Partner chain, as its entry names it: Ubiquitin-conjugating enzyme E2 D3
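Form solved without its partner chain, single chain, as structure tokens, below.
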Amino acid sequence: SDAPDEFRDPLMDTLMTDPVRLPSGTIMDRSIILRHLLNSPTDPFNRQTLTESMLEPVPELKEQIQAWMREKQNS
């Protein structure tokens, strides 16, 4: 959509619906990063080692995105 960059996944440039934070500080869609971790236990960008347990959900951003979406449906 016309979604703000901050709402998009850094890797797939798709709208994030379940934003998680990588220890690096990078925020991704949970599905997307878990896909990557399946073949490589690393941060997709800085190459550091990474495991699922280290991901931290970003509820604030998730509500922000869901709201932005629900506001679009109301047009």
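Residue numbers count along the first chain shown, from 1.
Same protein, other form: the form deposited with its partner chain bound, not shown, and the subject of what follows.
Student: Residues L11, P44 and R47 are flagged as a possible site; in the entry with it bound, is every one of them within 4.5 Å of its partner chain by some non-hydrogen atom?
Tutor: Checked in the entry with it bound: all three residues contact its partner chain.
Student: State yes or no: in the entry with it bound, is some non-hydrogen atom of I27 no more than 4.5 angstroms from a non-hydrogen atom of its partner chain?
Tutor: Heavy-atom contact with its partner chain at 4.5 Å: absent for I27.
Student: Sequence order please: the residues of 22 to 47 with a heavy atom within 4.5 Å of its partner chain in the entry with it bound.
Tutor: Residues within 4.5 Å: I32, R35, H36, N39, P44, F45, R47.
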